[PDB]
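Down below is the structure, laid out as structure tokens.
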Amino acid sequence: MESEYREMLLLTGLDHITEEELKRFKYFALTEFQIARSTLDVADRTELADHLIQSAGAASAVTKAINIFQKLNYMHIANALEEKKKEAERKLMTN
């Protein structure tokens, strides 16, 4: 489901980035949301996934999340994630 597309796509980067760079991602995407630093522990799966949904939406947020994450820490690694979006397209056409 869509939950798997957002959770996996996110943790893929959080588990590959450092704590120092992590502060940049949160500060870039979430400016007025000020995501809790303590939640960062499980933020990859639970917090970041559900959080962004409230800002713009499930698919909408994860979509732009790529452009931000790539241009900020690993524009090279993110390239692999954006490819998954293709298969995700048909995943949104089902219940």
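All residue names refer to the structure tokens as shown: chains lettered A, B, ... in order, residues numbered from 1 in each chain, ligands numbered from 1 in order.
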- prompt: Quick one: residues within 12 Å of residue 38 in chain A, only C-alpha atoms counted, chain neighbours fewer than 4 positions away excluded, as a VMD selection string?
  reply: chain A and resid 19 23 34 42 to 43 47
task: Can you pull out every residue within 12 Å of residue 90 in chain A, counting only C-alpha atoms, but drop anything in the same chain fewer than 4 positions away, and send it as a PyMOL selection string?
output: chain A and resi 1-2+5+84-86+94-95
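When CA of residue 8 in chain A is paired with CA of residue 45 in chain A, their separation reads 7.2 Å.
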field: Polymer residues at most 7 Å from range 50-67 of chain A, only C-alpha atoms, same-chain spacing of 3 or more positions, as a PyMOL selection string
entry: chain A and resi 6+46-47+70-71+78+82
Atoms to include: C-alpha atoms. Write the selected residues as a short mmCIF file (atom, residue, chain, number, x, y, z; two decimals), in the first residue's frame.
```
data_model
loop_
_atom_site.label_atom_id
_atom_site.label_comp_id
_atom_site.auth_asym_id
_atom_site.auth_seq_id
_atom_site.Cartn_x
_atom_site.Cartn_y
_atom_site.Cartn_z
CA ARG A 6 6.32 6.37 2.28
CA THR A 46 6.66 6.26 12.10
CA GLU A 47 7.31 9.99 12.68
CA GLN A 70 18.66 14.50 -3.04
CA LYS A 71 19.79 18.10 -3.50
CA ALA A 78 18.11 9.41 -3.92
CA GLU A 82 12.85 8.15 -7.30
#
```
- request: Please run DSSP on the backbone and report, as a ChimeraX atom specification, all residues within range 15-70 of chain A that come out as helix (DSSP H, G or I).
  value: /A:19-29,39-41,43-55,58-70
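Pairwise distance (CA of residue 31 in chain A, CA of residue 4 in chain A) equals 25.3 Å.
What separates CA of residue 77 in chain A from CA of residue 17 in chain A is a distance of 10.5 Å.
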